[PDB]
Amino acid sequence: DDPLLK
Amino acid sequence: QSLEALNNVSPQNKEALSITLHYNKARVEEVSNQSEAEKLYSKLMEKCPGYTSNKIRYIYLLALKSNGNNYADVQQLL
């Protein structure tokens, strides 16, 4: 759910 | 040189690129010296617990050091 991970 | 140029990175992608570069440096350390690799692994895990490769490598190094005495950690990661 993290945009950083995406 | 990449880490030096990281200071010029845009703030939006700065965190992601810093995490990637620290992971690469930790891999190079794991090739050279496992202690600094584990230190940077802990640093990145605190920085980003959601990453999997960092946790996988850290638990793998621990299992190498502990002769597979951290089965609970492997099960938790699974």
# chains A, B, ... in the order shown; residues from 1 in each chain; ligands from 1
>>> interface_residues(of="chain A", to="chain B", cutoff="9 Å", atoms="only C-alpha atoms", output="ChimeraX atom specification")
/A:2,4-5
>>> closest_residue(among="B:26, B:74, B:17, B:6", to="residue 42 of chain B", atoms="only C-alpha atoms")
B:26
